[PDB]
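J.: Let me give you the complex in parts, starting here:
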Amino acid sequence: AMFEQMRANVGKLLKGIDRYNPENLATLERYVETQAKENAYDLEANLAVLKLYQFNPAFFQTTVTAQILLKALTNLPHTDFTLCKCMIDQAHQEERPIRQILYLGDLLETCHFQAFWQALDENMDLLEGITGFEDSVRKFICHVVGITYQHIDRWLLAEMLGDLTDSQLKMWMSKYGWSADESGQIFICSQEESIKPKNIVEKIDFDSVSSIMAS
Amino acid sequence: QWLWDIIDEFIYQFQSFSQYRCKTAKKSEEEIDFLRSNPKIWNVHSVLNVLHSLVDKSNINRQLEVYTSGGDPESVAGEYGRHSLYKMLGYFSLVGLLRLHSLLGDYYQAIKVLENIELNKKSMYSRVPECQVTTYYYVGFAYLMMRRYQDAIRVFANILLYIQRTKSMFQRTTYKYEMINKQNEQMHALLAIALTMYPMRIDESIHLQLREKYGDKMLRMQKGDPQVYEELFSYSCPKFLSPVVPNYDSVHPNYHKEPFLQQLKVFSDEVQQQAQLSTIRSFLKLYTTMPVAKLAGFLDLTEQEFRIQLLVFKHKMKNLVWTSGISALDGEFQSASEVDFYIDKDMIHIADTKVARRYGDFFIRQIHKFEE
């Protein structure tokens, strides 16, 4: 609800000069709150808030920064997490909960999902308040599985997605259309499908090369 | 005294030039067609816009290193100068691209990358060779920041090779020609470390005695080093941000140091993660298809003692490097091995040898036209 109402004037603010002014933060930070709350996203706004915090360290808001970082982790494998690394010094990175979120983010970025599930503060209020974080992290893990496995084990899929019982496992497996397979696997993609080399199957050079060589 | 004072003299000139530019150039076709008709030379206008960007960037870096928080330079440059020059009409010629090239070069140094989708879509003018080289320089850095190694190397290779059919002449390179060529080479070497085995496409842009030197380093880095990474990091970070100029070392200032510390961390953490992936990408896919003993020899190669091999092997595979099928019943791991090809570049080289002879035929005939 709130996001679109702000967006109609925020998209002007981001293409004005207004994005370099700290006075605009109180609407932009609320736009970040609304991105966590209503699950929306704006990269030019978040990058502007991070640049304002970077230039002006005294306006560094930890809860707003943490919401940008947690939304950057919902967007993997996009470069939002890299942009967050660029704009924040170690002193502002190392505080609570920022250092925990960065460690959890490197565990996601380096594909250590099992370590991420085992290292997550269960009773942190801030994690609950990021609308749709849980489905989005599992969608990233399923995306890595769907690109890079032809068949996967049933225990291995549960292990990667965070201890999903076979009722919950169906709500993930059937969400991507994945089939049951024999003794006792899950079918993800065909072997013929996941090859298709673009290289070598070429040498269409001659019509282009003969044209530029004609005279 | 002197060095800072010259910066103020340039700022006073650049602000005055901006006030004149913001004032005249939305009505003044009387001023402008007097400028179009009278002269018989034109190249000075291109040089002044490039020279102003280089001098301003040199001036901004020194101010930013000395005053490390809360000061004017980024906002005053961004809000007034760069945004006004971005938002007004381009002078008919390639002048709108030249103003965009500074704006993009300031945007690059402030690491606030995203707006290239907007910038490219407004840049629909003909890429006359100099404006191709400038566009490629920024686009290769943008692909590098995006972590698109495959795309960045192609863009860097074009400007490193420098056969872009440029015809300059009239000091437009300028004063850093060697440094700009090494700045492209340095990123191209980093990209080669990530990508090789696959290219096969370094011979075009980097001559053999540098393919040798970065090849020693690349093979040692993925087998043991430390020192090659330390050498690569120290040369590269110096060129990655493009700060143009330093100040002057002394015991008393901190300042420049806070500068340098922020630059080192941001490049370190990303390059460290990428370097670890490059080492994982090192081991050859010697055969497609592995039963349990071959998988065990791969685990033995991967890590030992003991505890936890297969678990970290899942993570090491799922970083990017292994797309595969598993059978629980038959005990066999089934993968593809990626492939690449050669005799690609020669098709480009036959076109540019024809251009190279033709340019030489034109030069002799142009000299000959003065002895007719």
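T.: On my side now, so go ahead. Residues are numbered from 1 along each chain as shown, chains lettered A, B, ... in the order given.

J.: What parts of the stretch 151-300 of chain B come near chain A?
T.: Listed as neighbours of chain A in the stretch 151-300 of chain B under the rule Cβ under 8 Å from any Cβ of the partner chain: B:262, B:265, B:266, B:269, B:270, B:273. (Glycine included, C-beta is placed from N, CA and C.)

J.: all strands in chain A, in order from the N-terminus.
T.: Assigned by DSSP state E, chain A shows strands spanning A:151-152, A:179-180, A:186-187.

J.: What of chain B?
T.: Counting by DSSP E, the strands of chain B are B:289-291, B:324-326, B:332-335.

J.: Counting by contacts, list what the longest one packs against.
T.: When you say that, I think you mean strand B:332-335. strand B:289-291, helix B:292-302, strand B:324-326 (3 or more Cβ pairs under 8 Å, 6 or more residues apart in numbering or on different chains; DSSP states H and E).

J.: Recalculate using a threshold of 7 Å.
T.: strand B:289-291, strand B:324-326 (3 or more Cβ pairs under 7 Å, 6 or more residues apart in numbering or on different chains; DSSP states H and E).

J.: Over to the second one?
T.: On a contact count with 3+ Cβ pairs under 7 Å, 6+ apart, strand B:324-326 meets strand A:151-152, strand B:332-335.

J.: Strand partners (parallel or antiparallel) of the last one?
T.: Looking at strand B:332-335 with DSSP bridges, its paired strands and their directions are strand B:289-291 (antiparallel), strand B:324-326 (antiparallel).

J.: next one: the shortest one
T.: Under the criterion DSSP bridges, strand A:151-152 sits next to strand A:186-187 (antiparallel) in its sheet.

J.: So which residues of the stretch 201-350 of chain B form helices?
T.: B:208-221, B:227-240, B:257-280, B:292-302, B:310-317, B:345-368 (DSSP state H, counting those that start in this stretch).

J.: Equivalent analysis for the stretch 1-150 of chain B, please.
T.: B:3-24, B:29-37, B:44-66, B:73-75, B:83-87, B:95-109, B:116-121, B:129-145, B:149-161.

J.: also put chain C on there:
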Amino acid sequence: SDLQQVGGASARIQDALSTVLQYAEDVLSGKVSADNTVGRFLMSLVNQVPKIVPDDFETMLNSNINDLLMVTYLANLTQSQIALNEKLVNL
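T.: So, slotting chain C in with the rest:
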């Protein structure tokens, strides 16, 4: 190129001729003088060009096109080296 245009002009006459020769048989009765006679001319063409048909032979043909292109590329390089010698001695 003039020979290729004469050959394409001739090939188009063959398409038109064979179309008329078949249609004469379809219409009522025709093609008697053009029966195993033309079927031997068309075979005489096909046996010579393209010679045979399999994958081994087209792969060999494409390898030869790459070598002929390599010789042509080297001939551009020799002519450019003769030009580099030419450009040095005419200044």
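
J.: Repeat for what packs on strand B:332-335, accounting for chain C.
T.: Partner elements for strand B:332-335 (3+ Cβ pairs under 7 Å, 6+ apart): strand B:289-291, strand B:324-326.

J.: Among those, which comes closest to chain C?
T.: For chain C, the closest of those is strand B:289-291, at 25.3 Å, according to Cβ to the nearest Cβ.

J.: what comes up buried for that closest one?
T.: By 16 or more other Cβ atoms under 10 Å in any protein chain shown, the buried positions in strand B:289-291 come out as residue B:290.

J.: neighbouring contacts of it?
T.: B:298, B:331, B:332, B:333, B:334 (Cβ atoms under 7 Å, 6 or more residues apart in numbering or on different chains).

J.: got a list of what the third one touches?
T.: Residue B:332 makes contact with B:289, B:290, B:291, according to Cβ under 7 Å, 6+ apart.

J.: Same list, those, but as CSV with distance to residue A:32 please.
T.: Conversion of these to CSV gives the following (distance: Cβ to Cβ, whole Å):
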residue, distance to residue A:32
B:289, 50
B:290, 48
B:291, 52
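
J.: who wins for neighbours among the contacts of strand B:289-291?
T.: Tallying neighbours with other Cβ atoms under 10 Å in any protein chain shown puts residue B:333 at the head of these, with 19 neighbours.

J.: you'd agree that residue is up against residue B:295?
T.: Yes. Shown here, residue B:333 and residue B:295 form a contact pair, counting by Cβ atoms under 7 Å, at 5.4 Å.

J.: Just the buried positions in stretch A:148-159, please.
T.: Buried, per 16+ other Cβ under 10 Å, within stretch A:148-159: A:148, A:149, A:150, A:151, A:152, A:153, A:154, A:156, A:157, A:158, A:159.

J.: Kindly apply the preceding question to stretch B:191-203 instead.
T.: Buried residues in stretch B:191-203 (16+ other Cβ under 10 Å): B:191, B:192, B:193, B:194, B:195, B:196, B:198, B:199, B:201, B:202.

J.: With stretch B:14-32 instead?
T.: Counting neighbours by 16+ other Cβ under 10 Å, one finds that the buried residues in stretch B:14-32 are B:14, B:25.
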